[PDB]
Amino acid sequence: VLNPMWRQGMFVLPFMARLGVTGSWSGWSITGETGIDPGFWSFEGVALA
Amino acid sequence: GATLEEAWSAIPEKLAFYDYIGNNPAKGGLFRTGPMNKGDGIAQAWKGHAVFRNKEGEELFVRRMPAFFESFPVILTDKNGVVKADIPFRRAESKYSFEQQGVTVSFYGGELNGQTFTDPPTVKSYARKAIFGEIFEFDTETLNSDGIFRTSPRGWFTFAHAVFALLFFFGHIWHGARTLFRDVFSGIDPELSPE
Amino acid sequence: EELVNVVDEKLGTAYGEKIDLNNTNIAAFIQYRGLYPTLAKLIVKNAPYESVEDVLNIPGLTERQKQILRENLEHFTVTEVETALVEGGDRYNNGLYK
Amino acid sequence: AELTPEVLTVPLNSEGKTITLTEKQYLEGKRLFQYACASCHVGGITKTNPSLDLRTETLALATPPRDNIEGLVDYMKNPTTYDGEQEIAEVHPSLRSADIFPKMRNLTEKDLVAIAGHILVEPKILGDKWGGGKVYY
Amino acid sequence: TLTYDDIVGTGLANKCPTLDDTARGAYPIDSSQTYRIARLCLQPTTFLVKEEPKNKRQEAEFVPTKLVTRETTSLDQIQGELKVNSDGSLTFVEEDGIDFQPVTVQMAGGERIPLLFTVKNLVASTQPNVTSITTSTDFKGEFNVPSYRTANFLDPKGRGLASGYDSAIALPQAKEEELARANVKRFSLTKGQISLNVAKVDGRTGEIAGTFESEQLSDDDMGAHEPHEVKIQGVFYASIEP
Ligand SMILES: CCCCCCCCCCCCCCCCCC(=O)OC[C@H](CO[C@@H]1O[C@H](CO[C@H]2O[C@H](CO)[C@H](O)[C@H](O)[C@H]2O)[C@H](O)[C@H](O)[C@H]1O)OC(=O)CCCCCCCCCCCCCCCCC
Ligand code: CLA
Ligand code: CLA
Ligand code: HEM
């Protein structure tokens, strides 16, 4: 709501969204979802990638 | 012929200060990075000598903290080494707690002077800070101290011409040996067997 | 707006001088002629007493027991039950061993 | 010389009489105390139930008095809580109950008196080290 | 019919007794019969932590959390007289039993929120004019929730409540005040409030099962942080006898 990435000085994570990676293996998303956690291909992945 | 008050208010600033473990060079730390000030803070003034009274009226003493300990339990001993007050750890089997023995503190000299504090909390506190010698008032905000001690120049300087001198004798032993054996220095001398 | 330790403070009530019927560990009961063993199990069990005497009117107390309590009444005291002191059935085993 | 006669002399009856003692009996005391088992009871505490110790005072406040070279004897013969209310014979070594604790069989009034005198005597020398554990060690 | 050596390992002893679909047959309560409960069991499944809402004032949330400590969660062996007071409603007063299982669920973020799932000092009652326990019946009542930790307990660095180092310690000439939060360890006491609806009942057995929902608080941590709210869900068995 008041602390979306762009304020926090996010530069690279903004893209992981464009393409589709909305969440982190930690049960949260950028939309603000719950219970639904992405497959390996979640932020961590994109990076561990 | 003087008020115990006129008495301590008699003692000189600088001198009480010397009686503050916080200047005793030892207390520092090898990596405790700076000037004694980002430690206890900037000494602003002497509060006053803190004599701890029993509930019975007896005078007590805070058994000081010997240079070796960073940690330490405050104990108030009767003027004769006996134990009349402490700050419990078990606290469930406490026999000498400040509260159950009604400990209390009065102040002579300093800025606190002629004042006395009774509430079990502050009385305790004042004691734990007395284990350091003469209580004081430190402005810590300005330099933003940490609350831990540092060592005095004297302290560093010693540790300096310490590791330094303890090494140099190695140079001594090394060059002395490379001074005298500048002969063998190159090789052992292809020739062998005699001896 | 000055929060403060509870045990430390209640050590400042009469709890620190005598034996607290409603809080004190069941261990401080041996320090008197024949109280520990059973009487304590009943002293400690049995609701918390508003008055130091309501001890004497405890269901089933023995004609002798009754006596004892009376006799020892000297050393018993009370203060609000202390949540922090009684919870955890600590009163039976405070964690304090020799 | 240090383990003197009267320092080896202790209270017999709740009435005052003193039995003094020997270097012989004292010894059996040690030999015994340990064989009679210090396994929970080692030093001067009580591992099965740390709340009760063997210090002189504690035995006095017991019921019936248990500081008498006598007292402890009744006990060892027949045991009782610190209430003196119910016999604890089945859970504590006792001649009343030998079939449970074997070590307690070969025990005699001679052997007892000894292990007894050992208890009332040890404090006199060791000071507090008797009741306390770990802490004083 | 199952032995410990038969059930150990299944992680079953943490899930408690079912009642097969021959239920809905109400239990004949007397009003002339004393009645008591035998091992009332609350097995849970859904732990929701009310999300510390951000400063904005629009409907605070109840997020779902992941269980951590495997199976150390359920609670049972709870017993207590089942009162049959006027207007024919039943009140169950728990006297003792295993009921304080400490669980720690992992919040939405990475938070580790620990609460003390418990239904202690419980007094649950149901609807009035009930002579029979059935899918209709239900139970609502209060709790008593101490705190994750006992009275003793030393947080690293030695501090504690009924013991413990008592202060900043590691920092000797540090600024006394502002650490109050840490030093003096206050000890909490708060109300729970469950709700029990039956779903499977046996008429003779006295057995009855159903879903439950407890709403309690979490870890006070002596003083550390303001606790987080928690709702708890799962099925519960609870045999009734006279
Ligand atoms: C690396 C290479 C190694 C090469 C090895 C070669 C081996 C050869 C070994 C030969 C020398 C070793 C034997 C020397 C023994 C000297 C005895 C001594 O110690 O003499 C004893 C006295 C000490 O006096 C002390 O004094 C103290 C306080 O007194 C003083 O202060 C008091 C107040 O507190 C009072 O005011 C009092 O009146 C006043 O006298 C206490 O009383 C102490 O108990 C007491 O010991 O020292 C003195 O006078 C003498 C002056 C000290 C000279 C020290 C020279 C170097 C060694 C010391 C370094 C220590 C610091 C090291 C820092 C880290 C690295 C170096
Ligand atoms: C690829 C382009 C790019 C973009 C658009 C950004 C954008 C951002 N980065 Mg960033 N970053 C990048 C590459 C980029 N980064 C790279 C390659 C690294 C690894 C070295 C980093 C490491 C990094 C860190 C650690 C952090 C950021 C942060 C940020 C954010 C804060 C803005 C800031 O720090 O700039 C600062 C702006 C300036 C310093 C302007 C002047 C600086 C230089 C360009 C002036 C002189 C340039 C040149 C040397 C002149 C000499 C020329 C010669 C001819 C003499 C912002 C969204 C911060 C953040 O938001 O969270 C972490 C932050 O903490 N970045
Ligand atoms: C750590 C031990 C040690 C060792 C292995 C050496 C070894 C060496 N030193 Mg040397 N040195 C030492 C300590 C040592 N030194 C100290 C502490 C000093 C004071 C500065 C010196 C000063 C010195 C000089 C000026 C020179 C050497 C030199 C040398 C080399 C030649 C041998 C020599 O000079 O005589 C060795 C000397 C001794 C063994 C001293 C004897 C011990 C004394 C005289 C005995 C009396 C002490 C007394 C009885 C004790 C009572 C205690 C009392 C205070 C309570 C050799 C490699 C020479 C060199 O290398 O140049 C090429 C040289 O010129 N040294
Ligand atoms: C063999 C030498 C022993 C002697 C002389 C001895 C003596 C005593 C005495 C005098 C007491 C009562 C203390 C008092 O109230 O003043 C006591 C209590 C007790 N002893 Fe021993 N004991 C011995 C061995 C043991 C052993 C081997 C055990 C291990 C089970 C044991 C377990 C206990 C327990 C559990 C109590 C507390 C009784 C209660 O309150 O329930 N003792 N003992």
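Ranking E:123, E:170, E:97 by Cα position along the charge dipole of chain E, where only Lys, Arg, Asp and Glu carry charges on their C-beta atoms, puts E:170 farthest toward the positive end. Can you run the Rg to Rh ratio on segment B:128-195? Use alpha carbon positions and the Kirkwood inverse-distance Rh. Looking at segment B:128-195, the ratio lands at 1.48. Within segment B:87-127, the proportion of Cα pairs with more than 13 Å between them is 56 percent.
What FRET efficiency do you get for residue C:67 and residue E:46 if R0 is 60 Å and r is their Cβ-Cβ distance, rounded to the nearest 0.05? With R0 = 60 Å, the Cβ-Cβ based efficiency is 0.55.
Indicate the gyration tensor shape class of segment A:2-49 (rounded, prolate or oblate), computed on the Cα atoms with a ≥ b ≥ c the square roots of the eigenvalues: a/c under 1.5 is rounded; otherwise a/b larger than b/c is prolate and the rest oblate. Oblate is the answer for segment A:2-49, as a/c is 1.5 or above yet b/c matches or exceeds a/b. Residues B:183, B:139, ranked from the fewest to the most other C-beta atoms within 10 Å, line up as B:183, B:139. Annotation: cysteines of the protein assembly as shown without a disulfide-compatible partner (Cβ-Cβ under 4.7 angstrom) are D:37, D:40. Determine the shape class of the protein assembly as shown: with a ≥ b ≥ c the square roots of the Cα gyration tensor eigenvalues, call it rounded for a/c under 1.5, and otherwise prolate if a/b is greater than b/c, oblate otherwise. Judged from the Cα gyration tensor, the protein assembly as shown comes out oblate (a/c at least 1.5, b/c at or above a/b).
P(r) tail for chain B: Cα pairs beyond 28 Å make up 46% of the total.
Computed about its Cα centre, the charge dipole of chain E is approximately 460 debye, with only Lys, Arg, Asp and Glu carrying charge at their Cβ. Dimensions of chain E along the principal axes, based on C-alpha atoms and rounded to the nearest Å, stand at 71, 45, 39, largest first. Within segment E:211-242, name every residue whose backbone N is under 14 Å away from a label modeled 7 Å from Cα of residue E:195 along the Cβ vector. Inside the label zone: E:211-216, E:231-234. Rounded to the nearest 10 degrees, the inclination of helix B:153-180 to the longest alpha-carbon principal axis of chain B is 10 degrees.
Sequentially through segment D:65-79, phi angles give Karplus couplings (6.51, -1.76, 1.60; θ = phi - 60°) of x, 10, 9, 6, 4, 6, x, 2, 5, 3, 2, 2, 5, 10, x Hz, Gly and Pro residues having no value and appearing as x.
Residues B:107, B:72, E:139, ranked from the fewest to the most other C-beta atoms within 10 Å, line up as B:72, B:107, E:139. Using a simple spin-label model with pseudo-atoms 7 Å out from Cα toward Cβ, residue C:96 and residue A:10 lie 5.5 nm apart.
Placing unit charges on the Cβ atoms only, positive for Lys and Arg and negative for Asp and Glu, gives segment B:71-195 a dipole magnitude near 480 debye about its Cα centre. Working note: Cα gyration tensor of chain C, eigenvalues times five, square-rooted, sorted largest first, giving semi-axes of 24, 14, 12 Å. Computed over chain C with a Gaussian network model linking Cα atoms closer than 10 Å, the most mobile of C:43, C:68, C:19 is C:68.
Calculated mean residue ellipticity, 222 nm, the protein assembly as shown: -5000 deg cm²/dmol, from DSSP H runs (n ≥ 4) at -39500 (n - 2.57) each, averaged per residue and rounded to 500.
Please say if segment D:25-104 is rounded, prolate or oblate, where rounded means a/c under 1.5 for a ≥ b ≥ c the square roots of the C-alpha gyration tensor eigenvalues, and otherwise the choice is prolate for a/b larger than b/c and oblate otherwise? Rounded, because the longest to shortest axis ratio a/c is under 1.5. Each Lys and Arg Cβ is given +1 and each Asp and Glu Cβ -1; about its Cα centre, segment C:1-87 then shows a dipole of about 780 debye. Put in order of Cβ neighbour count within 10 Å, fewest first, the listed residues A:41, A:6 become A:6, A:41.
Rg ratio for chain D: its Cα radius of gyration over 2.2 N^0.38 Å, N being its residue count, equals 0.99.
Note that each Cβ is placed from the backbone with ideal geometry, even for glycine, and that neighbours are counted across all protein chains shown. Laboratory data are not the source of any read-out in this text; all were calculated from the coordinates shown.
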